[PDB]
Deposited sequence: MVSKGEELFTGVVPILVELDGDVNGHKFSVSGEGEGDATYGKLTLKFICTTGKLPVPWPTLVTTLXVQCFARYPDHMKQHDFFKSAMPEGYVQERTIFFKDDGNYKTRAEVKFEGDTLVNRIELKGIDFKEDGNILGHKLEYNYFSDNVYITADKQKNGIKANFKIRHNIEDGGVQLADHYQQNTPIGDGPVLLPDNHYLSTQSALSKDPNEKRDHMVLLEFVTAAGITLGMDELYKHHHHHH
C-alpha cells in the first residue's frame, strides 16, 4: 500500500479523548511516538479536566494499531496502515463483566506528519461502588491478543478480545472488547486473513508530574500466520 511507507521511521502521535461515564465528564490529551518497525509505542496522557473518574487502565485500549509490527510475510494483512493517510474509524463496545460498558468512536488519521487519534467515549450503567467507578483496579500491566477478521461489507475489519484487569487484593475485572474499523477514504485497503495482534502494555508514572496522568510503553506485533 501507499500507507506502509508513512510508518518506516519514528512518527509523532497525538491523542485526544472526550469522555462521559455515568454523568462524569472528562478529557485526556496524549502525546508520544510510534515506531512500527519495532511495534513500539511510548505515550504520556494527562487528564486535562483534573482528576480522572475512571481507572487509567480501563482507557489504555481506547487511547493506534497502525503502529503494529506486521512481519514481512504478513504485510498484505495490515489493514491499519493501508487506510493511511486518510485513516479509519475505530469503534468499540467494551463490556465490563458485571458492570457498565464503554462505547467508543475514534478517528485515526494523519494531520500533516502527525498520527492523530480523536476519540469520543460514553460509558453507561456502571455501579458507583463498582471496580471502575470505585477505583478498585491495580495500575501495572496487561497483555492480550486482538483477534482480527475481515468485514467485507464495510470494507474493513472486526476484532475481539478480552482484557483481565487486576483488582487490588483480588481477582480480575474482565473487559470484553468488540471492535470495528472502517476506512475514512474512498481508496483501496487490505482486507486481512484471520490473525491477531499480540499486545503488551506497561503503565508507569512520571515522578515529576503533579497532574493526573499515565505513562504507557506498549509493544504490538501481528502474528497467527
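Can you give me the gaps, meaning deposited-sequence stretches with no C-alpha coordinates, in sequence order? Coordinates drop out over 1 to 2, 66, 229 to 243.
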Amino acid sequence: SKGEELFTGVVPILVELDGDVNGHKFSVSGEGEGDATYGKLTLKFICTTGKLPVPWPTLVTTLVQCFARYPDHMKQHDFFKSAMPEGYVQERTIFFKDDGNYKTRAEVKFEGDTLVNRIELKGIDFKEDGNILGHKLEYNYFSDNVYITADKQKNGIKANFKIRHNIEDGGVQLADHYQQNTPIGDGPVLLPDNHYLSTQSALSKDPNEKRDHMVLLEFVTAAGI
From here on, numbers count along this sequence of modelled residues.
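I need to verify one thing: averaged over C-alpha atoms only, is the B-factor higher for 121 to 129 or for 67 to 75? Comparing averages over the C-alpha atoms only gives 121 to 129.
Stretch with the higher entry mean CA B-factor, where the candidates are 213 to 221 and 200 to 208: Of 200 to 208 and 213 to 221, the stretch with the higher C-alpha B-factor average is 200 to 208.
Top Cα B factor in the deposited entry, candidates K109, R92, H135, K81: If I rank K109, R92, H135, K81 by C-alpha B-factor, first place goes to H135.
Whose C-alpha has the highest temperature factor in the PDB entry: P57, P183, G30, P53? The C-alpha B-factor peaks, among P57, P183, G30, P53, at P53.
Classify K44 as lowest, middle or highest third according to the C-alpha B-factor given in the PDB entry, relative to its own chain. Lowest third of the chain for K44's C-alpha B-factor.
Hey, what third does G34 fall into on Cα B-factor, ranked over its chain? It belongs to the lowest third of the chain when residues are ordered by C-alpha B-factor.
Record-listed C-alpha B factor of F96: chain third: CA B-factor rank for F96: middle third.
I157's Cα B-factor: lowest, middle or highest third of the chain? Lowest third - that is where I157 ends up once the chain's C-alpha B-factors are sorted.
Within-chain third of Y88 by Cα B-factor, per the entry: Bottom third by C-alpha B-factor.
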